[PDB]
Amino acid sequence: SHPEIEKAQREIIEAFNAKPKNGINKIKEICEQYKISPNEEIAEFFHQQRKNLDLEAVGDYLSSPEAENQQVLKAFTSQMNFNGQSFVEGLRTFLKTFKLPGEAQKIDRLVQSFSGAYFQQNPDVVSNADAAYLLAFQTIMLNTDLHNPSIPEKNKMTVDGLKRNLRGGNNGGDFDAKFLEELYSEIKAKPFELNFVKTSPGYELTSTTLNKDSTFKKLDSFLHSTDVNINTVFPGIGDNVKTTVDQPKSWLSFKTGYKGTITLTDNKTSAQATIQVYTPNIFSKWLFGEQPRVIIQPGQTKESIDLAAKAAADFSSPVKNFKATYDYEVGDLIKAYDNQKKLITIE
């Protein structure tokens, strides 16, 4: 906590709250001016001014894949005590710290950071860092099973049901039977205090009948497609648009709804946009929302805001929620959406 930053804390708080970018750049400003490291310092301000800062934005800054952001987090998470803490408790504390982003990849980056720190501070508890990430994802999946009011008590995961999934999890080995009993019981008696973001950044398409939507229907078929063009899904975007697809991990669409992320990139303009699909399932419905969601987000580059607007305008269903991105204000996204929704609303 450096004194030049501490002095104008209120100013940095006012800037960050208004627009995170402004505030971050105002932290960097003082850091440059006083020949000091921003990553280690952003992390500190975020910690210190927790009761003051926009926790939605903070969580959103820390969960972003950008190099600077990724470093800030390594520093944020390192500044946490996990020494002495139980795996269940250390994690119980970690998650409690954030206004949890409402998107799988963002959550993953977070869980991945805890894993690396819990293992650093407790090298004896888990065999390696990969083993901590496994245990955490099993713990988070366990948290759903043990507290789902729909699932009958007879179908809710057992203690030995845990030990089974974790045979070969401790760096190609088993974890201590008494530690998993202490894990399972700790999380049986108390569920994780998980506060999520209200509305996630960019365009969010969500309805109880979005599953019925032709564009949504098409986009889903696309996720299990080989060599297909995206203009078949979105004819409002250019012909010249390349796509990459990241399919969901070990924890399937059944335990999140998360059906994956499509990344669209204009091969002439370098405008980028990402589509995220979430379809409610028996396990997910209770924790992650009962209605399908489509989150469209523009890249940092020029015209990315149009690509995103073009994809969202092609949808029949309306965009239920608009939210400012780190580089784009709510209004500009509305401007481009209504514009393409007036443009595409022609033969």
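Each residue number is its position in the shown sequence, starting from 1.
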**Item:** Comparing 171-179 with 130-138, the one whose average Cα B-factor in the PDB entry is higher
**Value:** 171-179
**Complete:** Per the PDB entry, mean CA B-factor is higher for 209-217 or 180-188, namely for 180-188
**Item:** Residue, from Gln112, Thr261, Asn83, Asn195, that the PDB entry assigns the highest Cα B-factor
**Value:** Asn83
**Asked** Quick one: which of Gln71, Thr274, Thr158, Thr97 has the biggest Cα B-factor according to the entry?
**Response** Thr158
**Request:** Could you tell me which third, lowest, middle or highest, the C-alpha B-factor of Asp266 occupies within its chain?
**Result:** middle
**Request:** Comparing against every modelled residue in the chain, figure out the third that the C-alpha B-factor of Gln79 lands in (lowest, middle or highest).
**Result:** middle
**Item:** Among modelled residues of the same chain, the CA temperature factor third for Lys35
**Value:** highest
**Fill in**
The third of the chain into which the C-alpha temperature factor of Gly257 falls is the middle
**Request:** Taking the values exactly as deposited, rank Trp251 by C-alpha B-factor within its chain and report the matching third: lowest, middle or highest.
**Result:** highest
